[PDB]
Every structure is written in C-alpha cells, then in structure tokens.
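Participant: The data below comprise the sequence and an experimental structure of the protein.
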Amino acid sequence: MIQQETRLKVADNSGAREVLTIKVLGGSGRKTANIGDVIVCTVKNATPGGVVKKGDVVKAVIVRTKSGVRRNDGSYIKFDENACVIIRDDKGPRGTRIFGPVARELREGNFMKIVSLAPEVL
Amino acid sequence: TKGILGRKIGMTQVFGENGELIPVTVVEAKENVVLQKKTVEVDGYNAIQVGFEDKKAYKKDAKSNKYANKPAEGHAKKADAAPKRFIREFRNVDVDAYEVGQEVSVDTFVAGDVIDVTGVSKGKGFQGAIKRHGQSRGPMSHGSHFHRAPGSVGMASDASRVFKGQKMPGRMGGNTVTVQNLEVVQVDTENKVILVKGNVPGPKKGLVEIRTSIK
Amino acid sequence: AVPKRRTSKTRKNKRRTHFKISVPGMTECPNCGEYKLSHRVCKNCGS
Amino acid sequence: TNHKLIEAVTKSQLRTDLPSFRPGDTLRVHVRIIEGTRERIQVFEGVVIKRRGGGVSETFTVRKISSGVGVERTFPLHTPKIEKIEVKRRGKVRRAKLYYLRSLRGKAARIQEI
Amino acid sequence: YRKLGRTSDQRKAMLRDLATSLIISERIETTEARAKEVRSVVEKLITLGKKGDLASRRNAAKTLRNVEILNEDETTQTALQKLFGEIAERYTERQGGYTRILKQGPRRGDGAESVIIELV
RNA sequence: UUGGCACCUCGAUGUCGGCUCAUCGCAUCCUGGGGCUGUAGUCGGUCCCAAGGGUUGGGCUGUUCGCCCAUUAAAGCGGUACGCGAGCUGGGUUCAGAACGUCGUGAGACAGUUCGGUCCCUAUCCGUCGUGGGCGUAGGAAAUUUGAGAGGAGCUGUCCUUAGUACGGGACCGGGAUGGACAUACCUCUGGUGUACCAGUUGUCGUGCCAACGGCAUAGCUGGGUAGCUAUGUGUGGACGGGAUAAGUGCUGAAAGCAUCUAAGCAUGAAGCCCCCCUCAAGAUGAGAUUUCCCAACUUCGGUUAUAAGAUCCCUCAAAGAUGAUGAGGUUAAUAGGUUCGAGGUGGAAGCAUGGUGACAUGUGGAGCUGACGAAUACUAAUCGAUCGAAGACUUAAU
C-alpha cells in the first residue's frame, strides 16, 4: 500500500539508496499502489558516484511491500520492507544488478529484464 | 424461467479447476411444490405460486404461526400438498410446463447457469449520516466542534425550505436487494442444496429467491 | 429556540390524545375472591 | 455448527496425504509452479509460525530468510497446488502464534529442537 | 449477556455477593433482571459441588465469599462446606433446574418488578 | 465587474476566506454526432447540434488572487443574502497593551509594517429524514395487478488477426474480457476490535509462616483470541437493444414548362431522450382495484346470538429493535436457562512419580479450562383464563 510521501529503499546499483513517492500513475483519483505498479519519486539519499544524483525526479517500479499481494489460487506473500527499482522509459533497469528476492507478479507486467536479474523469484 | 425458493445456510470456499479458490454460499431448497396457476383470462397475467417450508396441520387452541387450520389449510387442500410456510410468485417462467401439485426439484439448474438472487437485508436500526450515507467528518482537533454530524441542509432566503430527500439520519437495513449476474458452482440432489459463487443478501436462516438472469 | 406564538386550548388538547394509561391484565382467582395480575404469585397464579 | 450440510457438501475437497505438524516445526512445501506451458516444482523451506481456520478453510504460514530479507507464504491447507509436505525438524515453542520472530534477526531467532 | 448498569468489576462483585446470599437462606427476593443473571451463576456452583473433587473445591472458592452460617445446637460452618455438604446430597439425581423464579408485584419507591428466587 | 440613485431594515437584516453538504443554468473543459477549410496521414482552424454524467493531489505568497511541481479523458464559466456560522473554525478584518517609520507645538492622526487578544441559545409553527396509533373503503387471512414516484445510466489502456499496406509517422468497421473512480451486498479468505475466554508476570493487603486464591493499581501490565460489528478484504453493477428525434445527408416532387430535401410523401441520423429497457417503495376517498381460501344461531339479523392459521391482553425470546412495530415460541412444547456432548480458542492443570545441591526439567496427557456458536435431553419457566369481533341495504336494467 505505497501512497504519497512514502520512503522506499532502492534494490539495485544505480546510485540511489532512498526515494520518496511523489505521484502514483494509473488514473485520476488513484490513492495507493502495490507490486507491479510504476510511480514517480525523488532521490533523497544517494551514494558517492553512480548515474543518479540527489534531488532527481525519476520513475521506479515496486518489487517488495510490507503488505503482500494475494494470488488467484488463494495464496499470499508478504515481505519485511518496501523496495523498488529505478527503470527507464521502455521498462528497462537503470542499474545492472538486483538485491534481495523479487515478486513473481512482474512477469505479467512485461519486466523480463528485471525478472531475469533477480537472485530469487517467488 | 427456472424459479425456486431456498434458505441461506452459511458461507464456505470450494477449489475449482486449475487450483483456483472460489467463495460460495450454501443455499438449502427443498419441499418446493406449486400451489396455484394464475392465467391471463382470470387474472390478466400468467404466474405460478410456489411454497417452501412445511408445518403441522389441524390444531385447536394455538396462539402461534406454526400449526392450526381454516384459511391457509383449505387453500393448501386445493392441491395435493401440506400447509407451506413461505409463498411467492414467478411471472418469468412458462405456465405451460407446470401442474398444480408438481414438485419443483433442484435438478432444473445446472453448473454454469447465471441466476439472480433476491432477499431482504440484515438491518442496523437507527444509524447516523456518516454510516447510512458515505459522508466525511470534520477536523478531529484544531479547536473544532464539528465531528460526525451533517452540514448545511439548504441555501438561504431564496427557496427557504428543505428539498425532498435531504439524506438525513434514520433507520437503515430491512430492504429488498437483488444481486444480478451470479453463477451456480455445483448442485447437490442428495441434500438438495445449491452452491452460488459469491454472497447473497440477508442473514443466516433467511428466505432467498433464485431466477434465471434475463440479461 | 423559543415559542414564536402561544399554544391555544385546541392544539394543546389535540397533542394529549395518546397521553393516557392502559387497563392491565387482571386475571380472576379460583379461590380468594380478590383479583390478581397474570403470571404472578398469589392464590390464582394466573388462569 | 448448526446443521451438518456445510461439512457434508465440502467433504470431497479434504486431503488425507497430509502429515501432522505444530507451529515451530521446519517444513519443505513442494508448490506446483505453472509458467507459460511447462509445469515445474519450486521448494520453499521455512518454519510454521501460524495455524488458524477449521475444515476446508484451514491455513498455515511459513517464514524464511532469502537474501537478508524475511519472506512469508500462506497457502490453504487442502490446496491442490501443493505436491507434498514433509517435516524435517520438530521445534519446541511455548505459544500458538510466533509473531515475535518478525522483529528478531540473526542467532536470536533460533528455535531449539525437542 | 446483561450489564445491569454497573462496571465490569462492580458487576463481578455484586454477582458473587448474591450467589453467597442465595446459599445461606436459600430464598432471597430482588429485581427480575438480577434474578435472571444469578440463576446461571449459582447453578454452576452446585455443579462443582456435585463433583466433590479437590479441583472443584479450589474452583468453587474463586466465587463463594467467606461467611459463617449458624445452625441448631450452636453449630457453625462456612458456606463452602455447606455447598459441598447437605446441598450436594439433596441434588444428586436431578440433572438441571436447581433454582426457580416466582414473579411478584411492583415496588413502592420505583416501578421495579420484584421477584423471588429459591432452590427447588 | 467599478459606479449612479437613496425606495425596505439603525426598540440590530452581525461577519471576508476555508470546512461539511447541496441544488440549477449553458455563453461546452472531457466524452457524442456533424459541416467547411489557404481542410498532407496522424491531427486540428473555425462553425452547428447536444446538458446526461464526470471534472486531481501538493509547495508558496496573506489570502478571495496568482505563480510553480507532478498527474488526468478533463483539470469549463456562472446563479442561489458575492449559496450555507440558531451546522464548524477565527487565519483575515478586527476593541482596550506595546514597538518602528513619516506627519503634528501638543493630545494624537496614517487605505503604513509588526507580537498579543472571551464567537451566546433546552426547537413552539412550517419544512425534511424515519417510525407508529385512529378511522375509511361498505370485508377475515394470504398472494398480487400498478406508470403515479424515486434511483441509475456512455471512463481508460494494452492484446491481436486482410498491412502496420492508404495517406505521404499513422484512420473511422461488426465484435471474449483487463483496469481507475463511484454505487451496493456480505464475513469464506487477509487484517482490526473483542472490559463475565485462556496464559505469563511486578508491587502491596488478607486468612499464624510459606504457598495456592482473591482485592486494588487505566482491563495493573504483556502475548494471543470465539460470536458479533467491520475495510484496507471478498462478490456484483453500470450492458443491451427498441421507438420516435436535433444538426445534417438524402429520394422522389410540385403555384418562373429547367431547377429545388418540401408545399404532399419515403429514408437515414446523437452520451440524443424525459420514451422503452433495468432496480426499488406503491390502492391511488379519480370511496375504486384483483384472485384463492375460511366463517351461523339468535331471532322481524333489533344484532338479544356470534363464529373464522380471526385479533389481542399476558408470558419465554432474537434473523428485529430508541419506544412501539416486525419475526421465532407458549406443555399435543426444543423459545430461553440449565445438564451431558461437539466446534473453534488458549498451549500442557491438579495430584502422583522421577531428575537435579538449587532456580527448574520430564512423564502419566494435544492435558486442563472455555461469554455470545451448535446438537441432544422437559430437569426450571412460558400454568386453570379473560376480553374483543368480516358482508349480506337501497333502484333498475339484463337474466
């Protein structure tokens, strides 16, 4: 349930370390968003170097959330903290590596590139 | 077409094809017998009366709606059946495929049939304007004295009155609701029960009517 | 929040139409002579 | 439980090849993953931390640490997507719900075997 | 259940008092609402007395108060002893019932329907 | 809109913005039809028809204003005492205190700037939202006809098949399902609450000491949690076609031997549309409605009689409930309470035995306890009663 003014931890090596949700794309009136949703955020904490600097407006996709999504078979899967990955414009990762597990709901969102770099996919 | 009366038991879940969970509602419907056949040359509209639950017959001093005689008895004596508890009418089914005294079974429905459930709601009694209608409350702090209360109810001098339907507090509950486009998961003839995919309106042990969706 | 006009004897007597008491059960006794309330403890204990 | 119909119309959906286990035990579920057209079997090793429900609505939860992040799964007890379950360790707890393992991390979240 | 216009603790205290007073004289007179709440509390106490095991004794001491009944020939005994004594012997073939309610007339001070609860 | 006039109110018509809640318009922001372009395809200049619904979150200036950030199919202009303070705030304007600058001989003034500063009322009448009593129909119980009334209606994005060929990037054309917002029903699932459920633990008081237990400390605190109530949770909806229609495109065709959508006529054509369709309450003193079934001695039917799963009164209750009303029951009885089981919840009782120097293990034992959920069983209580009670008349036709 990621909404406005929500701080997430980046899960890649793009330079960013912490971002803050600015808007949830999907339609007028949209309040919250879950795994497999694109959102506009700003870098609040970056590491020395990288391609992304502090105070930058970029687009990212959620991959992990405290409140897990529900499957169609009646199964659930919640994580321990919220995380996202700074993507490009053609749903392409801006980094080169991913850290931690990744949800299997990104396969239906045409995110092969991001799902083919995740160490685990459950 | 294909009408029947049943009682709401409870709510469970059933796994369908490809291991997909499906929440269903157990509806028990038995002892369904036609009682009359309204024609268009005697009433002006075709319909058929159907009973549901049974009850005890002849009884003298009985100050309770459960067992006696006279009025209801006679009307139920017309056809070969015993006194019924609930009675309804259906003007969507054919009046040429039934006979006064027929036994409406649950074999008329088949898995994968779209039906429309109908019944009264539960009831929350006297409710406020924040529960009856989806209204927002005022600031809970910042020196505010406006909480779960309604706002303005009109304008000013011009039209100095309240228009009909101002959405104010009142009793909310007992209402006839009709869910459309449902589904029959599986039908059982052993216990004469029907599994509807979803949830019908009304509380436990309540009367519900089923009809083939027109759309 | 204050009456705009005084109430008349007609309107005042019209509002006191349902304001009254109702006669009780009063079940007869089999051996006492006096009456008693229904489902009560006495010589009748109802009827 | 009023009448015996709800348990009679759902007695053909219960399984009988499921082993007995209690909260605090380490299990190895064999979920049947269905991708494009190929069907594979993914194993999920964890420790039961919950067990509520009754009848055909019984459910259980298993917690595990992937790559430094805690993951929790929850599938219906009588689900047809579960190939087979096998207990590999019997823990010793003192409660029915271990919700204190969500804050613990490292050697502090270690369960002693009976 | 009923709350009898009292607090959780206050209500719990009153219930214990009534129960103990209905085992001392076995014939008390109070209001109807309170008579329909102490009827399902003194019935559970008698059930414990029928058992006669040590466990029940400790379970029956978590509700009964500490009073001293005076019988004939200067004989004294605590309510607990009386509950596991004659009372237990009296009801040994009857499964259920025990107490009985008898409706009466209204009070003078206020219009409260008073009743009489006694053991059969 | 800024003004002009001074007709109502000075024994008071007391308030700028914001909050909550609304209704109505059309000079149309979005969606729908069209027409013409100095209108390459996309796309859009303008014009005509069209009001049914829908029209976002923040930062800041003091804010009505405005400027910016990011979205959206779109972030339209107005009216109702510049809608709404006996519905809310008091920031602004603002009253007694106090500074700064200019002006004044001075008390002080300034459409200068700044910090601080009490917003009163028990709803009589109409109106509105719910809910009953009394009579009326010439009626006792059910089941209904209903066009009078209310509600709801047309938003997006991909997939993929004549080819991404016309046009010179990217079109209107029938037609399974995925979403956003909103509406409605429900508790199987994920959660929340759960003060008469179970367990752990601190201080103190009381039954000689210690225990067990009880009282008080916010429920003493902490970890879980049944029924019920619930959203962030689970379902469904908004489709569909039908009839006239608007702008408009036409086909025939005539009071200038041509022409011409026209004066007759025949078509086609919108989120048009109120119509129809769908959902809900509904006998309408325009005494109305309809069908099925049940009910007789008094005594000239004057009611002297009275009967009807005909009504109560009273009593046990909850799928109902402010009170009444509605529903489940009253001994030929499972309505409530017990009592014996069961489901779920807690998580291993007491006693006994063993192990250990001791705090503590372990076994007998998924043990013991368990409010609201359920089944079985008359053990307690719903006991002898009493009261109140359909319509059938006239006149005048056809039988």
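Facilitator: Nice, I can see it. Residues are numbered from 1 along each chain as shown, chains lettered A, B, ... in the order given.

Participant: Next, work out how far apart the residue lying closest to residue A:57 once chain neighbours are set aside and residue A:2 are.
Facilitator: Once flanking residues are discounted, residue A:57 sits nearest to residue A:42: 5.6 Å by Cβ to Cβ, 6 or more residues apart in numbering or on different chains. In short, each C-beta sits where N, CA and C put it, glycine included. To residue A:2, residue A:42 is 14 Å away according to Cβ to Cβ, to the nearest Å.

Participant: higher neighbour count, these two?
Facilitator: residue A:2 (21 against 15; other Cβ atoms under 10 Å in any protein chain shown).

Participant: Run a quick neighbour tally on the closest residue to that one other than its chain neighbours.
Facilitator: Nearest in space to residue A:2, with sequence neighbours left out and distances taken as Cβ to Cβ, 6+ apart, is residue A:33 at 5.3 Å. Applying other Cβ under 10 Å, we find 21 residues neighbouring residue A:33.

Participant: Need phi/psi at the one residue in chain B that gets nearest to chain D.
Facilitator: The nearest approach of chain B to chain D comes at residue B:19, 4.2 Å away (Cβ to the nearest Cβ). Phi and psi for residue B:19, reported as degrees, to the nearest 10, are phi 40, psi 50.

Participant: Residue nearest the middle of chain A, spatially speaking?
Facilitator: residue A:84 (2.0 Å; Cα atoms, centre = their mean).

Participant: Then chain D?
Facilitator: Central residue of chain D (Cα atoms, centre = their mean): residue D:60, at 4.1 Å.

Participant: In space, what's closest to it - neighbours in sequence excluded?
Facilitator: Leaving aside its chain neighbours, residue D:60 sits nearest to residue D:51 (5.1 Å; criterion: Cβ to Cβ, 6+ apart).

Participant: How about the residues of chain D by chain B?
Facilitator: Contact residues (Cβ under 8 Å from any Cβ of the partner chain) of chain D with chain B: D:2-3, D:5-6, D:8-10, D:13, D:32, D:34, D:55-57, D:76, D:78-81.

Participant: what's next to stretch B:130-138, contact-wise?
Facilitator: For stretch B:130-138, contacts defined as Cβ atoms under 8 Å, 6 or more residues apart in numbering or on different chains pick out B:124, B:129, B:144, B:146-150, B:167, B:169-170, B:172.

Participant: got the contact list for the closest residue to chain D within chain E?
Facilitator: Residue of chain E nearest chain D, by Cβ to the nearest Cβ: residue E:1 (21.5 Å). The contact partners of residue E:1, by Cβ under 8 Å, 6+ apart, come to residue E:37.

Participant: follow-up on the earlier one: contacts for the helix or strand hosting the residue nearest to the centre of chain A, please.
Facilitator: Assigned by DSSP states H and E, residue A:84 belongs to strand A:83-86. For strand A:83-86, contacts defined as Cβ under 8 Å, 6+ apart pick out A:8-12, A:14, A:16, A:19, A:39, A:41, A:52, A:58-64, A:93-95, A:98, A:100, A:114.

Participant: Can you tell me which residue of chain B sits closest to RNA strand F?
Facilitator: Across chain B, the shortest distance to RNA strand F (Cβ to the nearest atom of the strand) belongs to residue B:151, at 2.1 Å.

Participant: ok so, going back, mind checking which of the contacts of stretch B:130-138 land in helices?
Facilitator: residue B:129 (DSSP state H).

Participant: Turn the contacts of stretch B:130-138 into a markdown table, including distance to residue B:70 and neighbour count.
Facilitator: Below are the contacts of stretch B:130-138 laid out as a markdown table (distance: Cβ to Cβ, whole Å; neighbours: other Cβ atoms under 10 Å in any protein chain shown):
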| residue | distance to residue B:70 | neighbour count |
| --- | --- | --- |
| B:124 | 38 | 12 |
| B:129 | 48 | 18 |
| B:144 | 64 | 10 |
| B:146 | 59 | 11 |
| B:147 | 56 | 10 |
| B:148 | 52 | 12 |
| B:149 | 53 | 13 |
| B:150 | 51 | 15 |
| B:167 | 47 | 11 |
| B:169 | 44 | 15 |
| B:170 | 39 | 10 |
| B:172 | 38 | 16 |
